[PDB]
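Chemist: just the starting chains for now, same placement as in the complex:
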Amino acid sequence: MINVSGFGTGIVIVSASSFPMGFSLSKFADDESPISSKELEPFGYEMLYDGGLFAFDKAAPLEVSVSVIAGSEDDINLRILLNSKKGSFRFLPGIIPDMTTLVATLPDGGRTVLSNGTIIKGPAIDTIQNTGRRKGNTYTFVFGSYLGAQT
Amino acid sequence: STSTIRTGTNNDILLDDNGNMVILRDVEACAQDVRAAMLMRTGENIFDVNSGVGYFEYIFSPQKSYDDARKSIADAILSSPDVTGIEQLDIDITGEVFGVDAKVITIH
């Protein structure tokens, strides 16, 4: 019996400049997937002219996306993160607001330390569905480090 | 117009019934010349050295690909006069037989 539940998952987002101390996402959305990541592709294959195969490394981003309930404090914080131009901060050899998301998945203790990244896209305004209930807001980040997973 | 002394399978001048030497010409002479030129190991001609088939470095050796063997056989066949080209060539390898078949298109 493997417990693959999702209740109790928490996220801590710490940004270099906008949120130096960071905020916490706990109020995840109900209609969209609370966390969704694209299929990572850190390798590639090519065909030799004699039928062989060659394997090499490629550059792979982590396109993560977190969904939150419209109007919540987490949504307000994520919108503040989104509406922060990269041109209004100091340059360091690191990434312009290098924000990291510490993901504590379930009380078992699985900690993911996705870092060296930034937010890419998200909804600026709340969209009202046909049914009359505001749609959950999915904000996408991209990252350049997927290492730090525990248990 | 090729013309060569007639020889048998033992590759010696084999005379006719009247004890004369026959000089084959055109197709028969070209065929005899091709058969003779395909049986000569390289480095046997003191005046060419590089001519001949590589029966010891291109065939009869533990090699990776027999492309060099095919190239050497084709060059040896083309070296004969009035051969122009080769229509078809097999490099078939049986269990222990290096079967070669040619389809010389000599002009005559």
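Modeler: It's in. Numbers count the residues shown, from 1 in each chain, chains lettered A, B, ... in the order given.
Chemist: give me the neighbour count for residue B:103.
Modeler: Residue B:103 has 10 neighbouring residues, counting by other CB atoms under 10 Å in any protein chain shown. The C-beta positions use only the backbone N, C-alpha and C, and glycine is treated the same way.
Chemist: my read: it touches residue B:83, true?
Modeler: No: judged on CB atoms under 8 Å, residue B:103 makes no contact with residue B:83 at a distance of 11.4 Å.
Chemist: give me the most central residue, the chain.
Modeler: Defaulting to chain A. residue A:64 (3.5 Å; CA atoms, centre = their mean).
Chemist: wait, I meant chain B there
Modeler: With distances taken as CA atoms, centre = their mean, the residue of chain B nearest its centroid is residue B:38 (2.4 Å).
Chemist: now it: closest residue in space that isn't a chain neighbour?
Modeler: Spatial nearest neighbour of residue B:38, excluding adjacent residues (CB to CB, 6 or more residues apart in numbering or on different chains): residue B:76 at 5.7 Å.
Chemist: angles on the backbone of the one you found, please.
Modeler: Per-residue torsions, residue B:76: phi -60, psi -40 (degrees, to the nearest 10).
Chemist: and it, how far is that from residue B:58?
Modeler: 10 Å (CB to CB, to the nearest Å).
Chemist: work out for me the element residue B:31 sits within.
Modeler: helix B:27-37 (DSSP states H and E).
Chemist: list the buried residues in that helix.
Modeler: B:29, B:30, B:31, B:32, B:33, B:34, B:37 (16 or more other CB atoms under 10 Å in any protein chain shown).
Chemist: what's the answer for stretch A:115-135, then?
Modeler: Buried residues in stretch A:115-135, defined by neighbour count with 16+ other CB under 10 Å: A:115, A:117, A:118, A:119, A:122, A:123, A:135.
Chemist: quick check, the fourth one in a strand?
Modeler: Yes: under DSSP: H, G, I helix; E, B strand; the rest coil, residue A:119 falls within a strand.
Chemist: which residues does it bridge with?
Modeler: residue A:141 (DSSP bridges).
Chemist: here's chain C, drop it onto the model above:
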Amino acid sequence: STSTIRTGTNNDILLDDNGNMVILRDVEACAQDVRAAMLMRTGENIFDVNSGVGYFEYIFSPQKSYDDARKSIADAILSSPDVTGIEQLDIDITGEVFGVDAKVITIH
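Modeler: Placed with the earlier chains, chain C looks like this:
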């Protein structure tokens, strides 16, 4: 055709049994010359200076990238006569060992 006096692992002139100097030629001479060239620190030639391996600026120093060390070793190997190139140059790093392995393809 390179030639060099016989030297031991102490890099000194090693004589033979009859008290003569041995003059190695070709393969062994080139190997000994390459080994001697890889042991010469940069700036040790009054008459070359820029020649020599970077044992104190590329190796033995907190260098970020060992590509410069690889290039210096490659230049030192190629400086010997009749070396042509290097087939393989491994620059493996152990805990505190800078393991270098070469596969010179000297013409001999």
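Chemist: the buried residues of stretch A:115-135 again please, chain C included this time.
Modeler: The neighbour-count check on stretch A:115-135 (16+ other CB under 10 Å) flags A:115, A:117, A:118, A:119, A:122, A:123, A:135 as buried.
Chemist: for the first one, grab phi and psi.
Modeler: Dihedral angles of residue A:115 (phi, psi; degrees, to the nearest 10) stand at phi -140, psi -180.
Chemist: now the residue nearest to the centre of chain B: how far from residue B:50?
Modeler: Per CB to CB, residue B:38 is found 16 Å from residue B:50.
Chemist: same question, residue B:73
Modeler: According to CB to CB, residue B:73 stands 15 Å off from residue B:50.
Chemist: then residue B:65?
Modeler: From residue B:65 across to residue B:50, the span is 21 Å (CB to CB).
Chemist: residue B:43 too?
Modeler: Separation of residue B:43 from residue B:50 (CB to CB): 8 Å.
Chemist: who has more neighbours, those two?
Modeler: Using other CB under 10 Å as the criterion, residue B:43 and residue B:50 rank with residue B:43 on top: 14 against 8.
Chemist: residue ranges for the helices of chain B, please.
Modeler: B:27-37, B:67-79 (DSSP state H).
Chemist: what's near enough to touch residue B:49?
Modeler: Applying CB atoms under 8 Å, 6 or more residues apart in numbering or on different chains, we find residue B:49 in contact with B:42, B:43.
Chemist: swap in residue A:60?
Modeler: The neighbours of residue A:60, taking CB under 8 Å, 6+ apart as the test, are A:40, A:41, A:42.
Chemist: distance of the closest residue to the second one other than its chain neighbours relative to residue A:101?
Modeler: Going back to what we said before, that points to residue A:41. Leaving aside its chain neighbours, residue A:41 sits nearest to residue A:60 (5.4 Å; criterion: CB to CB, 6+ apart). Relative to residue A:101, residue A:60 is positioned 17 Å away (CB to CB).
Chemist: what about residue B:72, how many neighbours?
Modeler: Using other CB under 10 Å, residue B:72 is surrounded by 20 other residues.
Chemist: ok, residue B:48 next?
Modeler: 11.
Chemist: check residue B:45 too.
Modeler: Counted with other CB under 10 Å, residue B:45 comes out at 12.
Chemist: and then chain D:
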Amino acid sequence: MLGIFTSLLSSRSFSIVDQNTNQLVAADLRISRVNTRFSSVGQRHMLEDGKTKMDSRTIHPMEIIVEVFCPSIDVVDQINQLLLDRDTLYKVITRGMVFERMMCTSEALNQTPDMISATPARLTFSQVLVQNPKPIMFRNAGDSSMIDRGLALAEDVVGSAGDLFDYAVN
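Modeler: If we add chain D to the chains shown above, we get the following:
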């Protein structure tokens, strides 16, 4: 293509053999495509009446372009040495198609985020045209054809006849 039944499950396709010393070079290249393009030019000559005589044909040198992946730094350095190697003619055996007297004309290495371990490369060789593709040699050292050197302009020393004598005595 067919023509040869190797009946062997480990036959190597590509081979760049140094013509002298008969040695493989850059044996770790991962070839991807090979274009062995020939070339020749006609001599179209319009003449009087509506007509054009092509005259004869001159065979321009062969060009061969090899796209490849170099997996290692020593292979890349071997490719650089091939480009910088001005004193040897190579022989390229792609697929049952042997080309002798082949010299590297061009090379382009590409380093991209699409491939961080290996490096794509585009080698280009051109054939060296020779008057006699099949030369005539001789086995023994006595019987060369004579080589002329033309006028020499004999240079000078100061040694006197005494030194030449003493040398001949010794």
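Chemist: now that chain D has been added, could you go back to the neighbour count of residue B:103?
Modeler: Count around residue B:103 with other CB under 10 Å applied: 10.
Chemist: are the longest helix along chain D and chain A in contact anywhere?
Modeler: Ranked by number of residues, the top helix in chain D under DSSP H is helix D:73-84. No: applying CB under 8 Å from any CB of the partner chain, one finds helix D:73-84 out of contact with chain A, separated by at least 12.7 Å.
Chemist: for the following helix or strand past that helix, name the packing helices and strands.
Modeler: As assigned by DSSP H and E, the chain's next helix or strand after helix D:73-84 is strand D:90-93. Judged by 3 or more CB pairs under 8 Å, 6 or more residues apart in numbering or on different chains; DSSP states H and E, the packing partners of strand D:90-93 are strand D:15-18, strand D:98-106.
Chemist: can I get strand D:90-93 as CSV, trimmed to CA atoms?
Modeler: Extracted C-alpha coordinates of strand D:90-93, given in CSV (Å, rounded to 0.1, in the frame of the first residue of the first chain):
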residue,chain,number,x,y,z
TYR,D,90,44.1,10.6,-46.5
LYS,D,91,41.9,7.9,-47.9
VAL,D,92,38.2,8.0,-47.1
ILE,D,93,36.2,4.7,-47.1
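Chemist: how far is that strand from where the chain is centred?
Modeler: Distance of strand D:90-93 from the chain centroid (CA atoms, centre = their mean, to the nearest Å) equals 7 Å.
Chemist: tell me the strands beside it, with direction?
Modeler: The sheet places strand D:90-93 alongside strand D:15-18 (antiparallel), strand D:98-106 (antiparallel), with pairing taken from DSSP bridges.
Chemist: quick one: the helix holding residue B:31 to helix B:67-79, angle?
Modeler: On the basis of axes from the mean of the first three to the mean of the last three CA atoms, to 10 degrees, helix B:27-37 is oriented at 140 degrees to helix B:67-79.
Chemist: ok, now which ones touch the residue in chain D that chain C sits nearest to?
Modeler: Ranked by CB to the nearest CB, the top residue of chain D for proximity to chain C is residue D:81, at 4.2 Å. Contacts for residue D:81 (CB under 8 Å, 6+ apart) come out as C:84, C:85.
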